[PDB]
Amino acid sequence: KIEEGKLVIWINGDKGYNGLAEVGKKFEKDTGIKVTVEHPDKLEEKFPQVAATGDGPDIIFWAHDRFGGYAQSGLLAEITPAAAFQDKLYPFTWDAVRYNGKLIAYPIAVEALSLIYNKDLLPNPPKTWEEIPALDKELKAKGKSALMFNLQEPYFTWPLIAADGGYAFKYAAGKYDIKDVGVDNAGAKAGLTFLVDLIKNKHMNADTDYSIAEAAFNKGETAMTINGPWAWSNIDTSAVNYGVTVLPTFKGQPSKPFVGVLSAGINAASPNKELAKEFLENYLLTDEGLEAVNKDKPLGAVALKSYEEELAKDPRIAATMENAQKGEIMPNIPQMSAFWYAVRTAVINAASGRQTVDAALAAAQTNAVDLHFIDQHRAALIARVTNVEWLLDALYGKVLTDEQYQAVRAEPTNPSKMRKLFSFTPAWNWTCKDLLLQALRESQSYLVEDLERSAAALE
């Protein structure tokens, strides 16, 4: 369904998709080829479902951590840049898009979280995490708060979890050891325990998400946030005089954010592989194309040597790279998505007091290499489950409360009912998710078996 002779691109909604569209309207202005830029919700979860059916985009943009799983699933075309083009990008970015010795995507830009602070509220940002509670007590007297950031995505809390010793998968003897997971060790527990103590002492709210924290910082209600380069654009538009600096230390050790390399992969099922090769090598990864995107939403430290040189003088980019050097490059192994789902649940349940830090991380450690059926097939289940009330009755009193049950029933359509149902699942642990799978098996076995079958077809 990917029609030949055009280019469809998926990029995340927080990136500069209008800047990328400008690169595509010039590509169309030169070669006659139309390119459409799209930013669907959960594109990175849907791509494995739509690529295998000959749909989805020609080019998918995401951070490199998802790409090893796509490559293992046969969903990405091997990219064959010349040795002369490879020299235009830094070698460590090519390493991030290398899976089994082969290049599976084009590196675009290096991303790391930084501490972003309001210089009018906070001329001297805290050097340590341990200072933040006293800061917040001082700024609550003025009607403000110290810090707000997204607690719903584990990416934003990971720098604190890794500071004192948490890690994802240990790199040993040239490869990531998936039997050596570090999310429930003492250092991980110490970091998450500090986060929980911030919530307990009313220095943070467990409900804070991306838009709440962005709105709070950009309206001058909070003195700091934690975010990446893509967010700077909306702060420039605000009236906030902001700085970008090193993340606070924790127990005297740097916060260790996971470093992402924004990357562009080519659908293995695309009949436009060489039109995507030419758009990526000759129109995006130029100084002109990267500036069209970076001027929409900043990219961070771009992988193209010639343009990075120009932008490296930005103190915001210098701070991004200081944080990046204290952190670690994300693995790209297929187990990363299961790892992220496991840590999302642990962080959300610890923050809300539904689990202790110890229990939440112990559960995450056990599940870090196994991707659950309903997480893998969320979008297809929303679209294709037909008897929602039967699932609701099977979950009532085990996994669904009456307040949750009523919220789902109040939704008008089956996809919107399932959407609402799935909005509760980040807090469910493995056995709760198993209950939904067993209910689906009893009422719609053909659907489960269909999804299982197509997943195995990728191996």
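Heads up: residue numbers just count along the shown sequence, starting at 1.
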Quiz item: When the C-alpha temperature factors are averaged for each of 379 to 387 and 154 to 162, which stretch ends up with the higher value in the entry?
Solution: 379 to 387
Quiz item: What stretch has the higher average Cα B-factor here, 237 to 245 or 85 to 93?
Solution: 85 to 93
Practice problem: Select one of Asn185, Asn218, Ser255, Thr286: the residue whose C-alpha shows the highest B-factor in the crystal structure entry. | Solution: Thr286
Quiz item: Out of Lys295, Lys202, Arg354, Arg316, which one has a C-alpha B factor higher than all the others in the entry?
Solution: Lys295
Exercise. Rank-wise, by C-alpha B-factor, drop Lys273 into the lowest, middle or highest third of its chain.
Key: highest
Quiz item: Lowest, middle or highest third: where is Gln72 by C-alpha B factor in its chain?
Solution: middle
Exercise. Classify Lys142 as lowest, middle or highest third according to the C-alpha B-factor given in the PDB entry, relative to its own chain.
Key: highest
Quiz item: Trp428's Cα B-factor: lowest, middle or highest third of the chain?
Solution: middle
Quiz prompt | Record-listed C-alpha B factor of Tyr106: chain third | solution = middle
